[PDB]
């Protein structure tokens, strides 16, 4: 099919996404930047979608977190999420797609702004939300590895799939884990979708970037970086550690598996055959910036190797003394 301006798309229905793309790129993402609203929109895809259980209910990727915001945003596990919900609401009202579609579309468009990013498949036509998600379906950073894997598995994800989705933490920061240090990133490159998250979580924890003993927080290897207890434990767990390590300096695998697993997540509670493939609307992301490296001042001996079958790859360190990671704007 051909849109009004001559551009090809696989299905004529997708043409309506282009004005939405332009609007959100200019007015939500600060001119197609990989900034705070991109990170929060990506986070929102998960907090909407994971509200899905065969036993316990929930409509999955259905826009419920917007359509029933006063209910869902008050769940403890959704702390901090109301900013992005409130920011996206006007766009949904202004345009002609469902809240469920918009959440996934904004997430995909956002990721495409980030150097190293990947194009996530996007499908159009999610019905409006029918009911609020049940509470207690979103994993928390203080939940045990087994609890997290159980919940993600309940929603449909194998343990290796959870590792692949956690590539998102490569472009991520925390405001509520340690409120004394808002906007503290999970890796040294929160503006680049890269393997640094998987490297740096493997390093032995040395310190606290803010205060000690926050719930859901582990020791970080670097000033200016925060480590979730969940990520700490997943990098070291037999079920996930070898997959975790395999992401290190493997940009193609990170991209391939993130795109496929995000697509799966985006379709929780949905039937792909009842939707329209509009993947070709997502822009080409910028190329990777930077190479895979240990932080300056670190060596292989600082890695806590957790994959028995395969040794950690022989990365080199950035030159110079240990340095701190800048907070994110």
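Residue numbers count along the first chain shown, from 1.
Averaged over their C-alpha atoms, the temperature factors of 297-305 and 43-51 are higher for 297-305. For the pair 237-245 and 77-85, the mean Cα B-factor is higher in 77-85. Comparing C-alpha B-factors across 279, 33, 64, 263 in the deposited entry, the largest value falls on 33. The PDB entry gives the largest Cα B-factor of the residues 95, 257, 119, 232 to 95. In the PDB entry, a CA B factor belonging to the highest third of its chain's modelled residues is recorded for residue 181. For residue 205, the recorded CA B-factor ranks within the highest third of the chain. Only modelled residues enter the ranking. Among the modelled residues of its chain, residue 291 has a C-alpha B-factor that falls in the highest third according to the deposited record.
Residue 275: CA B factor in the middle third of modelled residues in this chain (values from the PDB entry). For residue 224, the recorded CA B-factor ranks within the highest third of the chain. Only modelled residues enter the ranking.
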